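Okay, run-v1.pdb is below, PDB, N, CA and C atoms:
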```pdb
ATOM      1  N   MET A   1      96.771  78.428 108.904  1.00  0.00           N
ATOM      2  CA  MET A   1      98.170  78.827 108.629  1.00  0.00           C
ATOM      3  C   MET A   1      98.240  80.310 108.281  1.00  0.00           C
ATOM      4  N   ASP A   2      98.447  81.146 109.292  1.00  0.00           N
ATOM      5  CA  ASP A   2      98.525  82.590 109.090  1.00  0.00           C
ATOM      6  C   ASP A   2      99.010  83.271 110.365  1.00  0.00           C
ATOM      7  N   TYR A   3      99.743  84.369 110.209  1.00  0.00           N
ATOM      8  CA  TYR A   3     100.298  85.100 111.351  1.00  0.00           C
ATOM      9  C   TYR A   3     100.337  86.599 111.065  1.00  0.00           C
ATOM     10  N   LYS A   4     100.878  87.356 112.021  1.00  0.00           N
ATOM     11  CA  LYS A   4     101.097  88.797 111.868  1.00  0.00           C
ATOM     12  C   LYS A   4      99.780  89.557 111.731  1.00  0.00           C
ATOM     13  N   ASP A   5      98.848  89.316 112.645  1.00  0.00           N
ATOM     14  CA  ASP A   5      97.550  89.991 112.589  1.00  0.00           C
ATOM     15  C   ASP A   5      96.822  89.963 113.930  1.00  0.00           C
ATOM     16  N   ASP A   6      97.329  89.187 114.889  1.00  0.00           N
ATOM     17  CA  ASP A   6      96.675  89.063 116.195  1.00  0.00           C
ATOM     18  C   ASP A   6      96.524  90.430 116.846  1.00  0.00           C
ATOM     19  N   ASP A   7      97.643  91.036 117.204  1.00  0.00           N
ATOM     20  CA  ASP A   7      97.637  92.390 117.735  1.00  0.00           C
ATOM     21  C   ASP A   7      98.563  93.266 116.912  1.00  0.00           C
ATOM     22  N   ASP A   8      98.171  93.525 115.674  1.00  0.00           N
ATOM     23  CA  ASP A   8      98.978  94.340 114.779  1.00  0.00           C
ATOM     24  C   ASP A   8      98.817  95.817 115.123  1.00  0.00           C
ATOM     25  N   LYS A   9      97.576  96.270 115.234  1.00  0.00           N
ATOM     26  CA  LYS A   9      97.309  97.632 115.671  1.00  0.00           C
ATOM     27  C   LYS A   9      97.393  97.704 117.192  1.00  0.00           C
ATOM     28  N   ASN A  10      97.087  96.576 117.836  1.00  0.00           N
ATOM     29  CA  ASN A  10      97.322  96.381 119.271  1.00  0.00           C
ATOM     30  C   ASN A  10      96.705  97.491 120.122  1.00  0.00           C
ATOM     31  N   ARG A  11      95.419  97.341 120.427  1.00  0.00           N
ATOM     32  CA  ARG A  11      94.705  98.268 121.300  1.00  0.00           C
ATOM     33  C   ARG A  11      94.781  99.695 120.769  1.00  0.00           C
ATOM     34  N   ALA A  12      94.377  99.868 119.521  1.00  0.00           N
ATOM     35  CA  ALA A  12      94.395 101.172 118.878  1.00  0.00           C
ATOM     36  C   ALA A  12      93.128 101.959 119.201  1.00  0.00           C
ATOM     37  N   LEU A  13      92.779 102.006 120.481  1.00  0.00           N
ATOM     38  CA  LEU A  13      91.628 102.774 120.935  1.00  0.00           C
ATOM     39  C   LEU A  13      92.001 104.246 121.007  1.00  0.00           C
ATOM     40  N   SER A  14      92.062 104.877 119.840  1.00  0.00           N
ATOM     41  CA  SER A  14      92.561 106.240 119.710  1.00  0.00           C
ATOM     42  C   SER A  14      94.019 106.294 120.163  1.00  0.00           C
ATOM     43  N   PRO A  15      94.946 105.838 119.302  1.00  0.00           N
ATOM     44  CA  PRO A  15      96.375 105.783 119.627  1.00  0.00           C
ATOM     45  C   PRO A  15      97.024 107.164 119.608  1.00  0.00           C
ATOM     46  N   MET A  16      96.549 108.031 120.505  1.00  0.00           N
ATOM     47  CA  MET A  16      97.020 109.413 120.618  1.00  0.00           C
ATOM     48  C   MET A  16      96.518 110.258 119.456  1.00  0.00           C
ATOM     49  N   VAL A  17      96.166 111.504 119.756  1.00  0.00           N
ATOM     50  CA  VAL A  17      95.675 112.428 118.744  1.00  0.00           C
ATOM     51  C   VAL A  17      96.701 112.623 117.633  1.00  0.00           C
ATOM     52  N   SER A  18      96.257 112.398 116.407  1.00  0.00           N
ATOM     53  CA  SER A  18      97.113 112.485 115.238  1.00  0.00           C
ATOM     54  C   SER A  18      96.241 112.387 113.987  1.00  0.00           C
ATOM     55  N   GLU A  19      96.848 112.088 112.847  1.00  0.00           N
ATOM     56  CA  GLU A  19      96.099 111.889 111.615  1.00  0.00           C
ATOM     57  C   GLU A  19      95.231 110.639 111.726  1.00  0.00           C
ATOM     58  N   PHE A  20      93.961 110.839 112.047  1.00  0.00           N
ATOM     59  CA  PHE A  20      93.036 109.738 112.297  1.00  0.00           C
ATOM     60  C   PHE A  20      92.659 109.009 111.011  1.00  0.00           C
ATOM     61  N   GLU A  21      93.073 109.559 109.883  1.00  0.00           N
ATOM     62  CA  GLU A  21      92.788 108.951 108.591  1.00  0.00           C
ATOM     63  C   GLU A  21      93.706 107.758 108.324  1.00  0.00           C
ATOM     64  N   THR A  22      94.826 107.697 109.026  1.00  0.00           N
ATOM     65  CA  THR A  22      95.788 106.640 108.788  1.00  0.00           C
ATOM     66  C   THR A  22      96.389 106.118 110.093  1.00  0.00           C
ATOM     67  N   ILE A  23      96.021 104.898 110.440  1.00  0.00           N
ATOM     68  CA  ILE A  23      96.585 104.229 111.597  1.00  0.00           C
ATOM     69  C   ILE A  23      97.878 103.525 111.201  1.00  0.00           C
ATOM     70  N   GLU A  24      97.879 102.969 109.993  1.00  0.00           N
ATOM     71  CA  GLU A  24      99.015 102.210 109.478  1.00  0.00           C
ATOM     72  C   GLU A  24     100.297 103.034 109.465  1.00  0.00           C
ATOM     73  N   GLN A  25     100.215 104.262 108.960  1.00  0.00           N
ATOM     74  CA  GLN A  25     101.385 105.129 108.905  1.00  0.00           C
ATOM     75  C   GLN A  25     101.886 105.446 110.305  1.00  0.00           C
ATOM     76  N   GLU A  26     100.965 105.788 111.198  1.00  0.00           N
ATOM     77  CA  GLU A  26     101.323 106.106 112.574  1.00  0.00           C
ATOM     78  C   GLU A  26     101.963 104.899 113.250  1.00  0.00           C
ATOM     79  N   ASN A  27     101.406 103.717 112.995  1.00  0.00           N
ATOM     80  CA  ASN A  27     101.980 102.480 113.511  1.00  0.00           C
ATOM     81  C   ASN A  27     103.395 102.298 112.981  1.00  0.00           C
ATOM     82  N   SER A  28     103.575 102.532 111.687  1.00  0.00           N
ATOM     83  CA  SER A  28     104.881 102.385 111.058  1.00  0.00           C
ATOM     84  C   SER A  28     105.899 103.320 111.708  1.00  0.00           C
ATOM     85  N   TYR A  29     105.484 104.556 111.974  1.00  0.00           N
ATOM     86  CA  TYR A  29     106.362 105.527 112.615  1.00  0.00           C
ATOM     87  C   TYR A  29     106.693 105.104 114.041  1.00  0.00           C
ATOM     88  N   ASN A  30     105.693 104.596 114.756  1.00  0.00           N
ATOM     89  CA  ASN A  30     105.879 104.182 116.145  1.00  0.00           C
ATOM     90  C   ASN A  30     106.755 102.938 116.233  1.00  0.00           C
ATOM     91  N   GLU A  31     106.427 101.921 115.441  1.00  0.00           N
ATOM     92  CA  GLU A  31     107.176 100.665 115.447  1.00  0.00           C
ATOM     93  C   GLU A  31     108.651 100.894 115.144  1.00  0.00           C
ATOM     94  N   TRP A  32     108.919 101.668 114.102  1.00  0.00           N
ATOM     95  CA  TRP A  32     110.287 101.924 113.680  1.00  0.00           C
ATOM     96  C   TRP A  32     111.025 102.780 114.703  1.00  0.00           C
ATOM     97  N   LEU A  33     110.355 103.810 115.207  1.00  0.00           N
ATOM     98  CA  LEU A  33     110.980 104.728 116.149  1.00  0.00           C
ATOM     99  C   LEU A  33     111.275 104.027 117.467  1.00  0.00           C
ATOM    100  N   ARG A  34     110.304 103.273 117.967  1.00  0.00           N
ATOM    101  CA  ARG A  34     110.454 102.569 119.237  1.00  0.00           C
ATOM    102  C   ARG A  34     111.582 101.538 119.166  1.00  0.00           C
ATOM    103  N   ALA A  35     111.760 100.939 117.996  1.00  0.00           N
ATOM    104  CA  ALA A  35     112.819  99.962 117.798  1.00  0.00           C
ATOM    105  C   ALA A  35     114.176 100.646 117.739  1.00  0.00           C
ATOM    106  N   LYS A  36     114.223 101.772 117.047  1.00  0.00           N
ATOM    107  CA  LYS A  36     115.467 102.496 116.848  1.00  0.00           C
ATOM    108  C   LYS A  36     115.868 103.260 118.114  1.00  0.00           C
ATOM    109  N   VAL A  37     114.879 103.805 118.815  1.00  0.00           N
ATOM    110  CA  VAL A  37     115.130 104.575 120.030  1.00  0.00           C
ATOM    111  C   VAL A  37     115.582 103.660 121.170  1.00  0.00           C
ATOM    112  N   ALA A  38     115.454 102.354 120.963  1.00  0.00           N
ATOM    113  CA  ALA A  38     115.944 101.379 121.926  1.00  0.00           C
ATOM    114  C   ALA A  38     117.465 101.324 121.880  1.00  0.00           C
ATOM    115  N   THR A  39     118.022 101.765 120.760  1.00  0.00           N
ATOM    116  CA  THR A  39     119.460 101.867 120.603  1.00  0.00           C
ATOM    117  C   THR A  39     119.931 103.247 121.062  1.00  0.00           C
ATOM    118  N   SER A  40     119.001 104.193 121.103  1.00  0.00           N
ATOM    119  CA  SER A  40     119.309 105.559 121.503  1.00  0.00           C
ATOM    120  C   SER A  40     119.595 105.636 123.001  1.00  0.00           C
ATOM    121  N   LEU A  41     120.702 106.298 123.354  1.00  0.00           N
ATOM    122  CA  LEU A  41     121.099 106.495 124.751  1.00  0.00           C
ATOM    123  C   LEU A  41     121.392 105.167 125.441  1.00  0.00           C
ATOM    124  N   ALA A  42     121.672 104.147 124.652  1.00  0.00           N
ATOM    125  CA  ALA A  42     121.962 102.829 125.185  1.00  0.00           C
ATOM    126  C   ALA A  42     123.002 102.124 124.330  1.00  0.00           C
ATOM    127  N   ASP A  43     123.978 101.504 124.971  1.00  0.00           N
ATOM    128  CA  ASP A  43     124.987 100.741 124.252  1.00  0.00           C
ATOM    129  C   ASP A  43     125.094  99.334 124.840  1.00  0.00           C
ATOM    130  N   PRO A  44     124.076  98.490 124.600  1.00  0.00           N
ATOM    131  CA  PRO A  44     124.058  97.110 125.059  1.00  0.00           C
ATOM    132  C   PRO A  44     124.670  96.157 124.033  1.00  0.00           C
ATOM    133  N   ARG A  45     123.992  95.993 122.901  1.00  0.00           N
ATOM    134  CA  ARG A  45     124.494  95.163 121.814  1.00  0.00           C
ATOM    135  C   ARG A  45     124.243  95.835 120.464  1.00  0.00           C
ATOM    136  N   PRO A  46     124.932  96.949 120.174  1.00  0.00           N
ATOM    137  CA  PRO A  46     124.810  97.629 118.886  1.00  0.00           C
ATOM    138  C   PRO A  46     125.494  96.829 117.788  1.00  0.00           C
ATOM    139  N   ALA A  47     124.693  96.169 116.961  1.00  0.00           N
ATOM    140  CA  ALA A  47     125.209  95.301 115.914  1.00  0.00           C
ATOM    141  C   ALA A  47     125.830  96.105 114.780  1.00  0.00           C
ATOM    142  N   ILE A  48     127.022  96.620 115.031  1.00  0.00           N
ATOM    143  CA  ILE A  48     127.783  97.337 114.026  1.00  0.00           C
ATOM    144  C   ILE A  48     128.926  96.459 113.536  1.00  0.00           C
ATOM    145  N   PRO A  49     128.732  95.794 112.397  1.00  0.00           N
ATOM    146  CA  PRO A  49     129.701  94.849 111.868  1.00  0.00           C
ATOM    147  C   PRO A  49     130.774  95.522 111.013  1.00  0.00           C
ATOM    148  N   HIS A  50     132.034  95.441 111.444  1.00  0.00           N
ATOM    149  CA  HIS A  50     133.125  95.995 110.647  1.00  0.00           C
ATOM    150  C   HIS A  50     133.775  94.940 109.742  1.00  0.00           C
ATOM    151  N   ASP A  51     134.513  93.992 110.318  1.00  0.00           N
ATOM    152  CA  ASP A  51     135.271  93.035 109.507  1.00  0.00           C
ATOM    153  C   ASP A  51     134.602  91.670 109.430  1.00  0.00           C
ATOM    154  N   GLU A  52     134.604  90.959 110.547  1.00  0.00           N
ATOM    155  CA  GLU A  52     134.193  89.562 110.560  1.00  0.00           C
ATOM    156  C   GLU A  52     132.695  89.428 110.720  1.00  0.00           C
ATOM    157  N   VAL A  53     132.092  90.360 111.424  1.00  0.00           N
ATOM    158  CA  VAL A  53     130.657  90.329 111.606  1.00  0.00           C
ATOM    159  C   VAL A  53     129.964  90.766 110.319  1.00  0.00           C
ATOM    160  N   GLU A  54     130.583  91.697 109.600  1.00  0.00           N
ATOM    161  CA  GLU A  54     130.000  92.204 108.361  1.00  0.00           C
ATOM    162  C   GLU A  54     129.995  91.126 107.292  1.00  0.00           C
ATOM    163  N   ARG A  55     131.059  90.341 107.237  1.00  0.00           N
ATOM    164  CA  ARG A  55     131.145  89.260 106.269  1.00  0.00           C
ATOM    165  C   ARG A  55     130.120  88.176 106.596  1.00  0.00           C
ATOM    166  N   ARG A  56     129.702  88.124 107.860  1.00  0.00           N
ATOM    167  CA  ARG A  56     128.667  87.191 108.289  1.00  0.00           C
ATOM    168  C   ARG A  56     127.293  87.719 107.890  1.00  0.00           C
ATOM    169  N   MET A  57     127.082  89.014 108.093  1.00  0.00           N
ATOM    170  CA  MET A  57     125.857  89.671 107.647  1.00  0.00           C
ATOM    171  C   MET A  57     125.759  89.633 106.127  1.00  0.00           C
ATOM    172  N   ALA A  58     126.911  89.734 105.474  1.00  0.00           N
ATOM    173  CA  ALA A  58     126.996  89.654 104.026  1.00  0.00           C
ATOM    174  C   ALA A  58     126.443  88.331 103.517  1.00  0.00           C
ATOM    175  N   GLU A  59     126.659  87.270 104.288  1.00  0.00           N
ATOM    176  CA  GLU A  59     126.137  85.952 103.947  1.00  0.00           C
ATOM    177  C   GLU A  59     124.615  85.990 103.875  1.00  0.00           C
ATOM    178  N   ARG A  60     124.013  86.699 104.820  1.00  0.00           N
ATOM    179  CA  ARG A  60     122.568  86.842 104.870  1.00  0.00           C
ATOM    180  C   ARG A  60     122.064  87.622 103.660  1.00  0.00           C
ATOM    181  N   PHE A  61     122.704  88.749 103.374  1.00  0.00           N
ATOM    182  CA  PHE A  61     122.308  89.584 102.249  1.00  0.00           C
ATOM    183  C   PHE A  61     122.506  88.845 100.930  1.00  0.00           C
ATOM    184  N   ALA A  62     123.525  87.996 100.885  1.00  0.00           N
ATOM    185  CA  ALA A  62     123.818  87.208  99.696  1.00  0.00           C
ATOM    186  C   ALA A  62     122.679  86.247  99.374  1.00  0.00           C
ATOM    187  N   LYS A  63     122.230  85.489 100.370  1.00  0.00           N
ATOM    188  CA  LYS A  63     121.152  84.530 100.157  1.00  0.00           C
ATOM    189  C   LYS A  63     119.801  85.236 100.075  1.00  0.00           C
ATOM    190  N   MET A  64     119.763  86.471 100.556  1.00  0.00           N
ATOM    191  CA  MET A  64     118.560  87.291 100.483  1.00  0.00           C
ATOM    192  C   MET A  64     118.421  87.884  99.085  1.00  0.00           C
ATOM    193  N   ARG A  65     119.523  87.871  98.345  1.00  0.00           N
ATOM    194  CA  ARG A  65     119.539  88.363  96.976  1.00  0.00           C
ATOM    195  C   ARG A  65     118.705  87.445  96.087  1.00  0.00           C
ATOM    196  N   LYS A  66     118.658  86.173  96.454  1.00  0.00           N
ATOM    197  CA  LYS A  66     117.850  85.199  95.737  1.00  0.00           C
ATOM    198  C   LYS A  66     116.495  85.042  96.411  1.00  0.00           C
ATOM    199  N   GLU A  67     115.429  85.230  95.632  1.00  0.00           N
ATOM    200  CA  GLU A  67     114.052  85.108  96.121  1.00  0.00           C
ATOM    201  C   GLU A  67     113.726  86.184  97.158  1.00  0.00           C
ATOM    202  N   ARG A  68     112.957  87.183  96.743  1.00  0.00           N
ATOM    203  CA  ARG A  68     112.596  88.281  97.624  1.00  0.00           C
ATOM    204  C   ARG A  68     111.403  87.902  98.497  1.00  0.00           C
ATOM    205  N   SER A  69     110.268  87.642  97.866  1.00  0.00           N
ATOM    206  CA  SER A  69     109.052  87.306  98.589  1.00  0.00           C
ATOM    207  C   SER A  69     108.090  86.517  97.703  1.00  0.00           C
ATOM    208  N   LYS A  70     108.213  85.197  97.728  1.00  0.00           N
ATOM    209  CA  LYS A  70     107.327  84.349  96.948  1.00  0.00           C
ATOM    210  C   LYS A  70     106.036  84.105  97.718  1.00  0.00           C
ATOM    211  N   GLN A  71     105.128  85.062  97.638  1.00  0.00           N
ATOM    212  CA  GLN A  71     103.850  84.966  98.319  1.00  0.00           C
ATOM    213  C   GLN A  71     102.767  85.627  97.480  1.00  0.00           C
TER
END
```

Whole structure, C-alpha cells version:
Amino acid sequence: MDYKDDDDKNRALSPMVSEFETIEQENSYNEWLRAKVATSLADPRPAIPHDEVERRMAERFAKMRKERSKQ
C-alpha cells in the first residue's frame, strides 16, 4: 500500500544542466511550470469560478478546512 514514487523523478538522467545539488527543487519548478504553462496561450477549460462555480469550490475548501494531512 504505497504510491507516488514509481516515476517521481522520471528518467532524471541529467535533467538538463542546472543546480545538480537539488533535483527535487528543479522537479518542483518543472512540474508547476509545465502545469501552469498548459493554461498559457490556451483557453480550453480555465477553471475561473465567479459565482456558482466558486461556491462549489468553496465546498471543497470548507471540508478541506477539517483534517489537513493525517499521515

### Message
Using all atoms listed in the file, which protein or nucleic acid residues come within 8 Å of stretch 3-12 of chain A? Drop anything in the same chain fewer than 3 positions from it, and give the result as a count of residues only.
### Response
5

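Going from atom N of residue A:19 over to atom CA of residue A:39, you cover 26.0 Å.
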
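Rounded to one decimal, atom CA of residue A:26 and atom CA of residue A:13 lie 13.2 Å from each other.
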
Any chance you could build stretch 1-13 of chain A out to N, CA, C and O atoms and write it as a compact mmCIF listing (two decimals), keeping the file's coordinate frame?
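Written file, selection08.txt:
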```txt
# COMPACT_ATOMS: atom_id res chain seq x y z
N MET A 1 96.77 78.43 108.90
CA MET A 1 98.17 78.83 108.63
C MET A 1 98.24 80.31 108.28
O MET A 1 98.11 80.69 107.12
N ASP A 2 98.45 81.15 109.29
CA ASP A 2 98.52 82.59 109.09
C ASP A 2 99.01 83.27 110.36
O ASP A 2 98.73 82.80 111.47
N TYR A 3 99.74 84.37 110.21
CA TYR A 3 100.30 85.10 111.35
C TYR A 3 100.34 86.60 111.06
O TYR A 3 99.90 87.05 110.00
N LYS A 4 100.88 87.36 112.02
CA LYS A 4 101.10 88.80 111.87
C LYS A 4 99.78 89.56 111.73
O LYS A 4 99.61 90.36 110.81
N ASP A 5 98.85 89.32 112.64
CA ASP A 5 97.55 89.99 112.59
C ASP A 5 96.82 89.96 113.93
O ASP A 5 95.80 90.64 114.09
N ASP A 6 97.33 89.19 114.89
CA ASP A 6 96.68 89.06 116.20
C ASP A 6 96.52 90.43 116.85
O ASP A 6 95.41 90.93 117.01
N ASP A 7 97.64 91.04 117.20
CA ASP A 7 97.64 92.39 117.74
C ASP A 7 98.56 93.27 116.91
O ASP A 7 99.62 93.68 117.38
N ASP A 8 98.17 93.52 115.67
CA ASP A 8 98.98 94.34 114.78
C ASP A 8 98.82 95.82 115.12
O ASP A 8 99.80 96.53 115.31
N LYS A 9 97.58 96.27 115.23
CA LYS A 9 97.31 97.63 115.67
C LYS A 9 97.39 97.70 117.19
O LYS A 9 97.73 98.74 117.75
N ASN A 10 97.09 96.58 117.84
CA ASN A 10 97.32 96.38 119.27
C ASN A 10 96.70 97.49 120.12
O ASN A 10 97.38 98.45 120.50
N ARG A 11 95.42 97.34 120.43
CA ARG A 11 94.70 98.27 121.30
C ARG A 11 94.78 99.70 120.77
O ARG A 11 95.19 100.62 121.48
N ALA A 12 94.38 99.87 119.52
CA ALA A 12 94.40 101.17 118.88
C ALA A 12 93.13 101.96 119.20
O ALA A 12 92.47 102.51 118.31
N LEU A 13 92.78 102.01 120.48
CA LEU A 13 91.63 102.77 120.94
C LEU A 13 92.00 104.25 121.01
O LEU A 13 92.23 104.79 122.09
```
